[PDB]
Amino acid sequence: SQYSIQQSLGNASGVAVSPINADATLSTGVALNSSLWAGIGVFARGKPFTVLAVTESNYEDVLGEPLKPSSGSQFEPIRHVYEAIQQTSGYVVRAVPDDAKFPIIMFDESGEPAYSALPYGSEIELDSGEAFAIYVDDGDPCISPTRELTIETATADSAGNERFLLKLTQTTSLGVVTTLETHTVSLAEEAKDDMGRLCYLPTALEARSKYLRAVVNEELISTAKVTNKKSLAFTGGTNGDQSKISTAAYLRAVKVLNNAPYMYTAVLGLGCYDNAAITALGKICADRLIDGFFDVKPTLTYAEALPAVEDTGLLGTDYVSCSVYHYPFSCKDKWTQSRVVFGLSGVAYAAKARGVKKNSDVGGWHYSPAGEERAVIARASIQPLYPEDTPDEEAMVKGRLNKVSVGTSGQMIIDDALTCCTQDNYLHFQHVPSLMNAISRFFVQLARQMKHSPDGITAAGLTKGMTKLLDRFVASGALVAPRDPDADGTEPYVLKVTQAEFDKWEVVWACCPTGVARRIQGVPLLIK
Amino acid sequence: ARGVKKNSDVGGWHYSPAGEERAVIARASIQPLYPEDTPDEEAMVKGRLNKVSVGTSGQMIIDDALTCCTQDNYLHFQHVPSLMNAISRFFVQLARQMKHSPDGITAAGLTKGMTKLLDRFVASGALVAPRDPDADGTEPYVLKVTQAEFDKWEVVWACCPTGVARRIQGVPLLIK
Amino acid sequence: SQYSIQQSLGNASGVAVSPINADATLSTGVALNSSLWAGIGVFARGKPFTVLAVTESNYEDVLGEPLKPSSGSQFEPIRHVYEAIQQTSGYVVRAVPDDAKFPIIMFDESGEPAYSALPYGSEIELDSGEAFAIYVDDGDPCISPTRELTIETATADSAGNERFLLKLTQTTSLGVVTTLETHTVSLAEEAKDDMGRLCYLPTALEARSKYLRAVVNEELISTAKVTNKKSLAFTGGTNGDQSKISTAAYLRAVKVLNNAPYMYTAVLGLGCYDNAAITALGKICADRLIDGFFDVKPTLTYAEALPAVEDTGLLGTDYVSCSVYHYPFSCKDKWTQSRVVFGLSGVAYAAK
C-alpha cells in the first residue's frame with residue numbers, strides 16, 4: 001500500500017519509524033573548543049593505543065556504552081569523562097590488557113568463511129590458502145550487540161571486473177536488525193566505481209568505511225572468486241579482564257598520549273591510580289606548559305591520604321602546575337542508580353573551563369577553580385564513607401592536598417586552589433602558574449611566528465609583539481600594579497630584549513599577579 | 001472514539017478505553033452464560049486478556065487497558081502505544097510535507113516543526129515531566145536531528161508518557 | 001463475580017479494601033522546613049549509626065512503633081521526637097547496644113535456605129559453599145510483626161539469563177498477610193530488565209529496594225541455580241536490652257551526628273542523660289553556631305538538681321548558646337495511658 005510505513009530504510013524514497021525502543025537514551029550538545037583535555041583510561045570499544053576524539057554527541061558511540069560498577073573497578077573513566085564532557089571536547093586514549101582479542105573472518109578461494117580471533121598488536125598474516133580476510137578494528141568484542149556480515153553480488157564494471165556489495169548489519173538482543181552501512185567493493189586490483197572512487201577491497205575499506213578493515217594476499221587474488229553468503233557473524237571477540245592491567249600498558253598509553261599532535265591545555269587523571277602513571281603524566285604536563293588535575297584513591301581514609309601524595313612523587317619544585325584532590329564520599333550513580341565512589345578530576349576541570357570562558361581575547365586564566373559560582377560537585381544524595389573519622393586542615397594543607405566544602409544551596413564544592421609546590425612563595429597558589437604558563441605559551445606562539453628571518457626586523461617586531469601581548473593581558477585584569485611601590489616601581493610589566501650572537505636572541509619579561517582573597521576572618525562584638 | 005474527541009487540536013489519544021464515563025456496555029438485561037464457572041484475575045492478566053466489571057448504574061463496563069505485549073515495560077498498557085503511534089503518524093505527515101527540497105532549509109524546518117509538534121502534545125497533557133529527575137533531567141521531550149549523507153536525514157525524539165491510576169487499595173481502620 | 005471485592009491487590013485492575021483493623025493509628029501533616037532539629041537516641045527499627053530523616057508522616061514507620069514504659073527507661077526518645085515533630089522535620093541518629101543482632105538468610109548452590117543471625121557492625125562473609133545470602137538492613141528484629149520471603153520463577157531474558165521474582169511479605173500476629181513490595185532479580189552478572197534497569201541481585205536490591213540487601217560470592221555465581229520456595233521467615237533478629245548502653249556507643253553516635261552533611265539549627269537531648277554525651281553535644285553546638293536544648297534527669301529532687309548542672313560541665317564561658325531544663329512532674333502518656341515522666345527538650349524546641 002501507499003499508506004504503509006516500513007521499519008528500516010532501503011533504497012526507495014520514503015520515511016519510516018523504528019519500533020518504539022525503551023532501553024536507550026540520547027543527549028545533544030554543541031562543542032565549544034576553548035580548552036581541550038586529555039588522559040588515558042580503560043573502556044569498551046574504541047581503537048586501543050591511538051588518540052581518539054570525544055565530543056558531547058558521539059561520546060556514547062566512539063567510547064562505547066558505560067561499564068558496570070559491579071564488574072570490578074573499571075567504571076571509573078567513563079564517569080570521569082561524562083563529568084568533564086559537558087564543557088568542551090576531549091582526546092582520550094584507551095589502553096587494553098594483553099589478553100584482549102578482536103574477531104576476524106577469513107575467506108578461502110572458493111568463498112568458504114572460516115571464523116577466527118587474534119590478539120591486539122600482532123599483525124595479521126595469511127597462510128598458503130585463504131585468499132583474503134576481513135576483520136573489525138573498532139575493538140568491540142561484538143557480543144552485545146552482535147554484528148553480522150552479508151555479501152551479495154552486483155553488476156560488473158566496464159572493464160569486466162567483478163564487484164560485490166558488502167553489507168554490515170547489527171542485531172540487537174531482542175531481535176531487531178539494524179543496517180549500519182554498505183559499500184560496493186571489488187577484488188580486482190584496479191576496479192573503479194562508476195563515480196571514479198576506488199573499489200579495491202583494502203583501499204575501499206580503509207578510505208570510506210569506519211568499522212572494518214581487510215587484508216588481501218598478493219598471489220592468489222588474481223584467480224580468487226566469491227559467492228553469496230548471508231549473516232556471517234563475528235565470534236571470538238573478547239577484551240579479557242579490564243580490572244587487572246599491568247603498569248607497562250599504562251606507560252605505553254602515556255607515551256602515546258605524549259606524542260599526539262593536537263592542542264590540549266589540561267591533563268586529567270581520568271581514574272588511573274598507579275604511581276608510575278601519575279608520575280609520567282606529571283612529567284608530561286610540566287613539558288608542554290599545562291596543568292594537570294590528578295587525584296588519589298577515594299577509598300583511602302583521612303589518616304593515610306597524606307602519605308599517598310608523597311608516595312606519588314609529585315611533591316617538589318619541578319611539577320609546579322599540577323594539583324592533587326581527595327574525595328572520600330559516596331554518591332548515587334547517574335546510570336545504574338547504585339552507590340558508587342569516583343574521584344574529582346572532572347569537576348575540577350569543569351570549573352577551570354568555566355572560568356576560562358569568561359574573557360574572550362586571551363581567556364580568563366587568572367580565575368581559580370573554586371567557589372560557589374564555578375566548581376559545583378552536585379552528583380546525587382552525597383553521603384560520607386566513614387562518618388567517625390575527622391580531617392585535619394593544617395596537616396592536610398601542609399601536604400598540598402585540596403579539600404572540599406559545602407556551598408549555600410547544599411551542593412558541595414571545591415574550596416581550595418593549592419598546587420603541588422612545597423616552597424611557600426606565590427607559585428604555591430593555583431592561578432599564578434596557570435597565568436605564567438599562558439603568557440609563556442603565547443610568547444612561544446609569537447616567537448614561532450617570527451623565526452628564520454633576515455636581520456634588521458627581528459628586534460622591533462619582537463619588542464612590539466611582546467608589549468602588545470602584555471598590554472592585552474594587563475587590560476584583562478590578570479596583572480595588577482605591584483603591592484610594593486618604592487622597590488618595584490609602578491609598572492605592571494617590565495620587558496627587555498637583547499641579542500647575543502649570530503643567533504640566540506634572548507627575551508626577558510617580568511610581571512606581577514593578582515590576589516585571590518582566600519582566607520576571611522570575621523569578628524562580631526556587642527555594642528550594648 | 002469518545003475519548004479521542006475530548007481534545008480538538010491533536011485529539012485526546014492518551015485516554016484509556018475504560019471507566020464509567022466512556023466505556024458502557026448497556027445493551028439489555030445482561031445475563032451470564034455459565035453461572036457456575038468463576039474466573040481467575042491473575043491468570044487472565046498473565047494471558048493479556050481484558051475483563052469486564054459493573055459500574056455504578058448497573059451497566060457493565062470495560063475495566064482494563066491491557067495490550068498484547070508480553071514484556072512488562074511501560075508500553076504493555078493501552079494508551080502508551082497509542083500516544084507513541086499518534087506522535088509517529090504526525091511526524092510522518094510533517095516529513096512527507098518536507099520531502100524533495102534543496103539543501104539549506106531542511107534542517108531548520110524539520111527542527112522547528114518537530115519542536116512545535118512536541119510542544120503541542122505537551123500542552124495537551126499527554127506528556128509530563130519525568131518521574132526520575134536526576135537521571136532523565138526535567139525536560140518532557142528531547143529532540144535531535146542529524147544528516148548522514150547526500151540523503152538519509154535522521155531524526156530521533158524521546159518523551160515520557162503519563163500514568164493511568166489503575167489499581168487503588170483502600171484500608172479502613174477503627175479509631176475507637 | 002464482577003461484584004466481588006478482593007482484600008489485597010495483585011496485578012489486575014481493581015479496587016479492594018482491607019479487613020476492618022482496630023489496633024492501628026494514623027496521622028497526617030505537611031513539613032515546613034524552617035529549622036531542622038537533630039539528636040541521638042534509642043528506638044526500635046531504623047539503620048543504626050547512620051543519620052536518618054524524620055517528618056510528621058513517616059515517623060511511625062522509619063522510627064518504628066513506640067516503645068513501652070514498662071520495659072525500662074528506653075521510652076523517652078520517641079516521646080521527645082513526637083513532641084517536637086509537629087513543627088518541622090528531624091535528623092535523628094539511632095544507637096544500639098553491642099549485643100543487637102539482625103537476621104540473615106543464606107542459600108546454597110542447590111537452593112536450600114539456612115537461617116542465621118549476625119551482630120551489627122561486622123561485615124558478612126561467605127564460606128566455601130553457600131553461594132549467596134540475603135539479609136535485612138532496616139534493623140527490625142522481625143519478631144512483631146514477622147517478615148517472610150517468597151521466591152518464584154519468572155520468564156528468562158533475551159540473552160537467556162534466568163530471572164526469578166522475589167517477594168517480601170509481612171504477616172501480622174492475627175493472621176492477616178500484607179505484601180510489602182516485589183521486584184524481578186537475576187543472579188547473572190549482566191542481566192538487564194526489559195525496561196533497561198539492572199537485575200543483578202546486589203545492584204537491584206541496593207538500587208530500588210528499601211528493606212533488604214544481598215551479598216554474592218564471586219566464584220560460585222556462574223553455575224549457581226535457584227528453586228521455588230514459599231514463606232521463608234527470618235529468625236534470630238533481636239536488638240538485645242536497650243536500657244543498658246555503654247558511653248562508648250553514645251560517643252560514637254554523637255561523632256556520627258557531627259559529620260552529617262545537612263542543615264540543622266538545633267540539637268536536642270532527646271532523653272540522653274549521660275554527662276559525656278551532653279558534653280560532646282555542647283561541643284557540637286558551639287562549633288556550628290547553633291543552640292542546644294538539653295536537660296537533666298526529671299526524677300532528681302530540687303535539692304540535688306543544682307549540683308547536676310555543674311556536674312554536666314556545660315557551665316562556663318564557652319558553651320554560651322546552650323540551655324538546661326528541669327521538669328519534676330508526672331503526666332499521662334498519649335499512647336499507653338500510664339503515669340510516665342520524661343524530659344522537656346521537645347517543648348522548648350517547639351516554642352523556638
# chains A, B, ... in the order shown; residues from 1 in each chain; ligands from 1
$ interface_residues --of "chain C" --to "chain A" --cutoff "10 Å" --atoms "only C-alpha atoms" --output "VMD selection string"
chain C and resid 49 to 51 157 to 160 189 to 190 192 to 198 200 202 to 208 251 to 263
$ write_last_selection --atoms "N, CA and C atoms" --output "mmCIF file, in the first residue's frame"
data_model
loop_
_atom_site.group_PDB
_atom_site.id
_atom_site.type_symbol
_atom_site.label_atom_id
_atom_site.label_comp_id
_atom_site.auth_asym_id
_atom_site.auth_seq_id
_atom_site.Cartn_x
_atom_site.Cartn_y
_atom_site.Cartn_z
ATOM 1 N N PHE C 49 23.625 3.839 63.629
ATOM 2 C CA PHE C 49 24.854 4.584 63.358
ATOM 3 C C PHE C 49 24.846 5.203 61.963
ATOM 4 N N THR C 50 23.695 5.740 61.564
ATOM 5 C CA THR C 50 23.573 6.428 60.286
ATOM 6 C C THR C 50 22.427 7.419 60.388
ATOM 7 N N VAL C 51 22.658 8.645 59.919
ATOM 8 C CA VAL C 51 21.665 9.701 60.060
ATOM 9 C C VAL C 51 20.464 9.401 59.176
ATOM 10 N N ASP C 157 15.350 -13.841 30.035
ATOM 11 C CA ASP C 157 15.601 -12.642 29.254
ATOM 12 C C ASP C 157 16.014 -13.009 27.831
ATOM 13 N N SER C 158 16.326 -11.980 27.040
ATOM 14 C CA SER C 158 16.744 -12.202 25.660
ATOM 15 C C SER C 158 18.048 -12.986 25.596
ATOM 16 N N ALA C 159 19.006 -12.649 26.459
ATOM 17 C CA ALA C 159 20.289 -13.340 26.470
ATOM 18 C C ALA C 159 20.199 -14.743 27.051
ATOM 19 N N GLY C 160 19.055 -15.123 27.616
ATOM 20 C CA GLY C 160 18.892 -16.427 28.217
ATOM 21 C C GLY C 160 19.175 -16.490 29.701
ATOM 22 N N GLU C 189 25.469 -11.859 35.851
ATOM 23 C CA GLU C 189 26.306 -10.688 36.085
ATOM 24 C C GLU C 189 25.805 -9.473 35.315
ATOM 25 N N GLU C 190 25.231 -9.682 34.130
ATOM 26 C CA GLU C 190 24.838 -8.578 33.262
ATOM 27 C C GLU C 190 23.382 -8.666 32.821
ATOM 28 N N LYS C 192 19.759 -7.685 32.289
ATOM 29 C CA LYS C 192 19.074 -6.401 32.252
ATOM 30 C C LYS C 192 17.572 -6.619 32.168
ATOM 31 N N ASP C 193 16.824 -5.824 32.927
ATOM 32 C CA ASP C 193 15.376 -5.878 32.848
ATOM 33 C C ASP C 193 14.906 -5.409 31.476
ATOM 34 N N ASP C 194 13.655 -5.740 31.154
ATOM 35 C CA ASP C 194 13.111 -5.368 29.852
ATOM 36 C C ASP C 194 13.018 -3.858 29.691
ATOM 37 N N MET C 195 12.918 -3.123 30.797
ATOM 38 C CA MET C 195 12.820 -1.672 30.757
ATOM 39 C C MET C 195 14.179 -0.988 30.850
ATOM 40 N N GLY C 196 15.265 -1.751 30.947
ATOM 41 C CA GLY C 196 16.605 -1.213 30.932
ATOM 42 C C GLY C 196 17.291 -1.152 32.281
ATOM 43 N N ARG C 197 16.542 -1.257 33.375
ATOM 44 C CA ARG C 197 17.165 -1.261 34.689
ATOM 45 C C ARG C 197 17.917 -2.568 34.919
ATOM 46 N N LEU C 198 18.885 -2.513 35.828
ATOM 47 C CA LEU C 198 19.715 -3.673 36.113
ATOM 48 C C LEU C 198 18.941 -4.702 36.926
ATOM 49 N N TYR C 200 20.967 -7.561 38.363
ATOM 50 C CA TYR C 200 21.894 -8.255 39.243
ATOM 51 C C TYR C 200 21.458 -8.070 40.690
ATOM 52 N N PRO C 202 22.730 -7.919 43.876
ATOM 53 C CA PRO C 202 23.198 -6.836 44.758
ATOM 54 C C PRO C 202 22.791 -5.458 44.270
ATOM 55 N N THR C 203 23.020 -5.162 42.989
ATOM 56 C CA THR C 203 22.673 -3.849 42.456
ATOM 57 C C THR C 203 21.170 -3.614 42.496
ATOM 58 N N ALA C 204 20.380 -4.623 42.126
ATOM 59 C CA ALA C 204 18.931 -4.460 42.129
ATOM 60 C C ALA C 204 18.407 -4.202 43.535
ATOM 61 N N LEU C 205 18.921 -4.931 44.526
ATOM 62 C CA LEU C 205 18.443 -4.735 45.889
ATOM 63 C C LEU C 205 18.921 -3.403 46.459
ATOM 64 N N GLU C 206 20.152 -3.001 46.145
ATOM 65 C CA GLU C 206 20.705 -1.764 46.678
ATOM 66 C C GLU C 206 20.223 -0.524 45.938
ATOM 67 N N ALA C 207 19.566 -0.682 44.789
ATOM 68 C CA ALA C 207 19.131 0.456 43.988
ATOM 69 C C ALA C 207 17.695 0.867 44.298
ATOM 70 N N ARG C 208 16.742 -0.044 44.118
ATOM 71 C CA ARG C 208 15.330 0.292 44.238
ATOM 72 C C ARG C 208 14.698 -0.179 45.538
ATOM 73 N N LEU C 251 29.060 8.061 72.485
ATOM 74 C CA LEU C 251 30.117 8.883 71.905
ATOM 75 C C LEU C 251 30.227 8.659 70.402
ATOM 76 N N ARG C 252 30.158 7.400 69.966
ATOM 77 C CA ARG C 252 30.229 7.116 68.536
ATOM 78 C C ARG C 252 29.032 7.701 67.800
ATOM 79 N N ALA C 253 27.841 7.603 68.393
ATOM 80 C CA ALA C 253 26.659 8.183 67.763
ATOM 81 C C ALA C 253 26.787 9.696 67.641
ATOM 82 N N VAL C 254 27.304 10.352 68.681
ATOM 83 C CA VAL C 254 27.497 11.797 68.628
ATOM 84 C C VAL C 254 28.508 12.160 67.550
ATOM 85 N N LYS C 255 29.608 11.407 67.467
ATOM 86 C CA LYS C 255 30.609 11.674 66.439
ATOM 87 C C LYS C 255 30.021 11.508 65.045
ATOM 88 N N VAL C 256 29.169 10.498 64.858
ATOM 89 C CA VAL C 256 28.500 10.322 63.572
ATOM 90 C C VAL C 256 27.597 11.511 63.276
ATOM 91 N N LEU C 257 26.847 11.970 64.281
ATOM 92 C CA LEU C 257 25.969 13.121 64.091
ATOM 93 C C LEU C 257 26.752 14.374 63.731
ATOM 94 N N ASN C 258 27.971 14.510 64.254
ATOM 95 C CA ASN C 258 28.763 15.705 63.984
ATOM 96 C C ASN C 258 29.145 15.814 62.514
ATOM 97 N N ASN C 259 29.329 14.686 61.833
ATOM 98 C CA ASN C 259 29.802 14.680 60.456
ATOM 99 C C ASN C 259 28.678 14.614 59.428
ATOM 100 N N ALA C 260 27.426 14.606 59.859
ATOM 101 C CA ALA C 260 26.321 14.519 58.912
ATOM 102 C C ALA C 260 26.247 15.795 58.084
ATOM 103 N N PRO C 261 26.273 15.703 56.758
ATOM 104 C CA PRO C 261 26.238 16.905 55.902
ATOM 105 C C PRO C 261 24.821 17.398 55.625
ATOM 106 N N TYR C 262 24.211 18.009 56.638
ATOM 107 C CA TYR C 262 22.863 18.534 56.499
ATOM 108 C C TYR C 262 22.729 19.798 57.332
ATOM 109 N N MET C 263 21.806 20.661 56.916
ATOM 110 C CA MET C 263 21.437 21.827 57.709
ATOM 111 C C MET C 263 20.612 21.388 58.910
#
$ select_by_dssp --residues "stretch 259-294 of chain C" --states "alpha helix (DSSP H)" --output "compact mmCIF listing (two decimals) with N, CA, C and O atoms, in the first residue's frame"
# COMPACT_ATOMS: atom_id res chain seq x y z
N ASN C 275 26.61 12.26 81.12
CA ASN C 275 27.33 13.53 81.17
C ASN C 275 28.28 13.70 79.99
O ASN C 275 28.38 14.79 79.42
N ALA C 276 28.98 12.62 79.60
CA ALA C 276 29.91 12.72 78.48
C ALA C 276 29.18 13.03 77.18
O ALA C 276 29.66 13.83 76.37
N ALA C 277 28.02 12.40 76.96
CA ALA C 277 27.25 12.68 75.75
C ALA C 277 26.78 14.13 75.72
O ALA C 277 26.82 14.78 74.67
N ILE C 278 26.33 14.65 76.86
CA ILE C 278 25.88 16.03 76.91
C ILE C 278 27.05 16.98 76.66
O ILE C 278 26.90 18.00 75.97
N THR C 279 28.22 16.67 77.21
CA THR C 279 29.39 17.50 76.96
C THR C 279 29.77 17.49 75.49
O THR C 279 30.12 18.53 74.92
N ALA C 280 29.73 16.32 74.85
CA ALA C 280 30.04 16.25 73.43
C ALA C 280 29.02 17.03 72.60
O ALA C 280 29.39 17.72 71.65
N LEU C 281 27.74 16.93 72.95
CA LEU C 281 26.72 17.71 72.25
C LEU C 281 26.95 19.20 72.43
O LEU C 281 26.79 19.99 71.49
N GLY C 282 27.32 19.62 73.64
CA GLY C 282 27.65 21.01 73.87
C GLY C 282 28.83 21.47 73.04
O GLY C 282 28.84 22.59 72.53
N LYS C 283 29.83 20.61 72.89
CA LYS C 283 30.93 20.90 71.98
C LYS C 283 30.44 21.02 70.54
O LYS C 283 30.97 21.81 69.76
N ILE C 284 29.43 20.23 70.18
CA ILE C 284 28.90 20.28 68.82
C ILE C 284 28.21 21.62 68.56
O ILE C 284 28.47 22.28 67.54
N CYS C 285 27.33 22.05 69.47
CA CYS C 285 26.53 23.24 69.17
C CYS C 285 27.35 24.52 69.21
O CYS C 285 26.94 25.52 68.61
$ residues_around --residues "stretch 343-345 of chain A" --least-positions-apart "6" --cutoff "7 Å" --atoms "only C-alpha atoms" --output "PDB file with N, CA and C atoms, in the first residue's frame"
ATOM      1  N   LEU A 268      43.936  15.357  32.532  1.00  0.00           N
ATOM      2  CA  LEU A 268      43.159  14.829  33.640  1.00  0.00           C
ATOM      3  C   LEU A 268      43.668  13.451  34.037  1.00  0.00           C
ATOM      4  N   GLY A 269      43.462  13.108  35.308  1.00  0.00           N
ATOM      5  CA  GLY A 269      43.807  11.772  35.758  1.00  0.00           C
ATOM      6  C   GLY A 269      42.946  10.708  35.109  1.00  0.00           C
ATOM      7  N   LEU A 270      41.638  10.950  35.032  1.00  0.00           N
ATOM      8  CA  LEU A 270      40.691  10.034  34.399  1.00  0.00           C
ATOM      9  C   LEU A 270      40.695   8.658  35.060  1.00  0.00           C
ATOM     10  N   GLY A 271      41.032   8.602  36.346  1.00  0.00           N
ATOM     11  CA  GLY A 271      40.823   7.422  37.152  1.00  0.00           C
ATOM     12  C   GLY A 271      42.051   6.577  37.424  1.00  0.00           C
ATOM     13  N   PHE A 293      45.258  17.636  36.776  1.00  0.00           N
ATOM     14  CA  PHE A 293      44.215  17.608  37.797  1.00  0.00           C
ATOM     15  C   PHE A 293      44.087  16.211  38.398  1.00  0.00           C
ATOM     16  N   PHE A 294      45.217  15.589  38.727  1.00  0.00           N
ATOM     17  CA  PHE A 294      45.200  14.220  39.224  1.00  0.00           C
ATOM     18  C   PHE A 294      44.566  14.156  40.614  1.00  0.00           C
ATOM     19  N   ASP A 295      44.466  12.939  41.144  1.00  0.00           N
ATOM     20  CA  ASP A 295      43.877  12.710  42.457  1.00  0.00           C
ATOM     21  C   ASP A 295      44.431  11.404  43.020  1.00  0.00           C
ATOM     22  N   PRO A 298      39.915   7.336  46.306  1.00  0.00           N
ATOM     23  CA  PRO A 298      38.914   7.858  47.248  1.00  0.00           C
ATOM     24  C   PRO A 298      38.647   6.951  48.435  1.00  0.00           C
ATOM     25  N   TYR A 325      43.723  16.025  44.451  1.00  0.00           N
ATOM     26  CA  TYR A 325      42.433  16.109  45.116  1.00  0.00           C
ATOM     27  C   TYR A 325      42.105  14.798  45.817  1.00  0.00           C
ATOM     28  N   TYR A 327      38.589  12.787  47.819  1.00  0.00           N
ATOM     29  CA  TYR A 327      37.126  12.818  47.867  1.00  0.00           C
ATOM     30  C   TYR A 327      36.599  11.507  48.427  1.00  0.00           C
TER      31      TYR A 327
END
$ residues_around --residues "residue B:9" --least-positions-apart "5" --cutoff "12 Å" --atoms "only C-alpha atoms" --output "ChimeraX atom specification"
/B:4,117,119-124
$ write_last_selection --atoms "N, CA, C and O atoms" --output "CSV table (one decimal), in the first residue's frame"
chain,number,residue,atom,x,y,z
B,4,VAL,N,-11.2,10.1,22.2
B,4,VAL,CA,-10.3,10.9,21.3
B,4,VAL,C,-11.0,12.2,20.9
B,4,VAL,O,-10.3,13.1,20.4
B,117,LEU,N,5.4,20.4,17.2
B,117,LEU,CA,4.5,19.3,17.4
B,117,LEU,C,4.6,18.7,18.8
B,117,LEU,O,3.6,18.4,19.5
B,119,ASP,N,5.7,20.3,21.5
B,119,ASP,CA,5.1,21.3,22.4
B,119,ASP,C,3.6,21.2,22.4
B,119,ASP,O,2.9,21.3,23.4
B,120,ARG,N,3.0,21.1,21.2
B,120,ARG,CA,1.5,20.9,21.1
B,120,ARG,C,1.1,19.7,21.9
B,120,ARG,O,0.0,19.7,22.5
B,121,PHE,N,1.8,18.6,21.8
B,121,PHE,CA,1.4,17.4,22.5
B,121,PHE,C,1.6,17.6,24.0
B,121,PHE,O,0.8,17.1,24.8
B,122,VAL,N,2.6,18.3,24.4
B,122,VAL,CA,2.9,18.5,25.8
B,122,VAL,C,1.7,19.4,26.4
B,122,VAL,O,1.3,19.1,27.5
B,123,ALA,N,1.3,20.4,25.7
B,123,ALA,CA,0.2,21.3,26.2
B,123,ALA,C,-1.1,20.5,26.4
B,123,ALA,O,-1.9,21.0,27.1
B,124,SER,N,-1.2,19.4,25.7
B,124,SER,CA,-2.5,18.6,25.8
B,124,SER,C,-2.5,17.7,27.0
B,124,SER,O,-3.5,17.0,27.3
$ closest_atom_pairs --of "chain A" --to "chain B" --cutoff "9 Å" --atoms "only C-alpha atoms" --output "JSON lines"
{"residue": "A:5", "atom": "CA", "partner": "B:92", "partner_atom": "CA", "distance": 8.6}
{"residue": "A:9", "atom": "CA", "partner": "B:152", "partner_atom": "CA", "distance": 8.6}
{"residue": "A:14", "atom": "CA", "partner": "B:96", "partner_atom": "CA", "distance": 8.1}
{"residue": "A:15", "atom": "CA", "partner": "B:92", "partner_atom": "CA", "distance": 6.8}
{"residue": "A:16", "atom": "CA", "partner": "B:92", "partner_atom": "CA", "distance": 7.6}
{"residue": "A:17", "atom": "CA", "partner": "B:88", "partner_atom": "CA", "distance": 7.0}
{"residue": "A:20", "atom": "CA", "partner": "B:84", "partner_atom": "CA", "distance": 7.5}
{"residue": "A:22", "atom": "CA", "partner": "B:73", "partner_atom": "CA", "distance": 8.2}
{"residue": "A:25", "atom": "CA", "partner": "B:158", "partner_atom": "CA", "distance": 8.1}
{"residue": "A:26", "atom": "CA", "partner": "B:158", "partner_atom": "CA", "distance": 8.0}
{"residue": "A:27", "atom": "CA", "partner": "B:142", "partner_atom": "CA", "distance": 8.0}
{"residue": "A:28", "atom": "CA", "partner": "B:144", "partner_atom": "CA", "distance": 6.7}
{"residue": "A:333", "atom": "CA", "partner": "B:135", "partner_atom": "CA", "distance": 8.7}
{"residue": "A:334", "atom": "CA", "partner": "B:135", "partner_atom": "CA", "distance": 5.4}
{"residue": "A:335", "atom": "CA", "partner": "B:135", "partner_atom": "CA", "distance": 7.0}
{"residue": "A:337", "atom": "CA", "partner": "B:135", "partner_atom": "CA", "distance": 8.7}
{"residue": "A:379", "atom": "CA", "partner": "B:134", "partner_atom": "CA", "distance": 8.6}
{"residue": "A:380", "atom": "CA", "partner": "B:134", "partner_atom": "CA", "distance": 7.5}
$ closest_residue --among "A:296, A:51, A:180, A:511" --to "residue A:253" --atoms "only C-alpha atoms"
A:51
